[PDB]
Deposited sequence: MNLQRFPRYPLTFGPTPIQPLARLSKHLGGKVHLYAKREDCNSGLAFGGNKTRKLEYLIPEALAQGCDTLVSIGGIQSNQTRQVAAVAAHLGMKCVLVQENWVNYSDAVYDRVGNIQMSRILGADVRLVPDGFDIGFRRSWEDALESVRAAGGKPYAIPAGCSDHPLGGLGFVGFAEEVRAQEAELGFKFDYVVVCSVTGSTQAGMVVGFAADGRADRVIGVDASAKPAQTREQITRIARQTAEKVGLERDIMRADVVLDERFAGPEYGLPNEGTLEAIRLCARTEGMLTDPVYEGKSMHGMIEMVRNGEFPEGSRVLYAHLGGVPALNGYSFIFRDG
């Protein structure tokens, strides 16, 4: 394959570090070696995260197209939209965000802290709710040229490129470390994060080692999205193989009870990981993927000796919209 053909606009500090999770690994049995690749610390643009890695491959097209406004969408505590707002500010672009009520969660400061708060400070036009088209049209009619960024950046032709690059990065780091990771655990919702990974790791025969953990609570849709995006992306980068259902692993046991709502396992997972490693995760995405990984290790689902690379996608600021749940820890 060949990713290098597509330009990448630097929005990150560079390759993201991989850290050992020795305390947590030991706590769980010392049988499985856990690591974490910090996508959550990839940028100076309002905390970045996985969405920011994706955006690097989309910005060039926005610039090439002479666009002046970035328009995106997501739930109230969307990480995607907060990142688009920061990238836009940094690029000197206007920003219009469509924020919808995507979660059955009632919290007094939900639309005023965390991710959405930053987007407003960053100068984005935050619209709280077809709304998609309206917003875009709004921009054209306003005299500007919008660059449409779908939810999570996922269902877009360039949306899968960022994480194919992730697999690339990991290969280079395994070469520096002198060892390979047996698996990768990643949280999945809109899909192009895992899709990129699947294509990237299909290259060296480990697509099936990319263990996705669903956090959408609609596993069938998410799995089809990932699969579809992986196929389109595999074509885009010249993978010399088709993606098979066997290449898309999506665990469904940890997404409940709903998207945006933690279960008690989620909370326990967030607490354990934070208290053993000092590494925070959130109740919507990462805490669920962290939950899955801990559970898998606990159930012995990982062969003894396995090295598991947890991909920390970001999302911590959303913790602010769930303050009551953590009031005592």
Legend entry - Sequence order list of spans that the model leaves without C-alpha positions, deposited numbering: 130 to 138
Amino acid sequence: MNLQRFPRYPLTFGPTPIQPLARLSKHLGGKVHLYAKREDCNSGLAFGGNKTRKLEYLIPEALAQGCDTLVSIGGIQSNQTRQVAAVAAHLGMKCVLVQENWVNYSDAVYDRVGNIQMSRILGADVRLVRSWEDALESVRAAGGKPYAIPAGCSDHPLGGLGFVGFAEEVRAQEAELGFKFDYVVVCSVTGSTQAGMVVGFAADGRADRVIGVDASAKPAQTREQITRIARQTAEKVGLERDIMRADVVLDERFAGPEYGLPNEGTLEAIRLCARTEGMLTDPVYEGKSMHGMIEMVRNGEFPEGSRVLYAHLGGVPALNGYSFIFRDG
From here on, numbers count along this sequence of modelled residues.
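In this text, the rigid core denotes the largest set of C-alpha atoms whose superposition between the two forms falls within 1.5 Å.
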Inset, instruction - Find the stretch among 238 to 246 and 197 to 205 with the larger RMS C-alpha deviation in 5 other deposited structures of this protein, all structures being superposed on the shown form by the rigid core. - result: 238 to 246
Inset, instruction - Would you mind comparing 155 to 163 and 135 to 143 for me and telling me which has the higher average C-alpha temperature factor in the entry? - result: 135 to 143
Inset, instruction - Select between 37 to 45 and 59 to 67 the stretch whose C-alpha atoms have the higher average B-factor in the entry. - result: 59 to 67
Inset, instruction - Please pick out which of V189, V237, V185, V84 has the largest Cα B-factor as recorded in the entry. - result: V237
Inset, instruction - Between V113, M244, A255, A124, let me know which has the highest C-alpha B-factor in the entry? - result: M244
Inset, instruction - Looking at the entry's B-factor column for C-alpha atoms only, identify whether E304 ranks in the lowest, middle or highest third of its chain. - result: highest
Legend entry - Third of chain Cα B-factors occupied by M296: highest
Inset, instruction - Would you mind checking where the Cα B-factor of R53 ranks among the modelled residues of its chain, as the lowest, middle or highest third? - result: lowest
Inset, instruction - Tell me, lowest, middle or highest third: where does the Cα B factor of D204 rank within its chain? - result: highest
Inset, instruction - Could you look up the Cα B-factor of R271 in the entry and say which third of the chain it sits in: lowest, middle or highest? - result: lowest
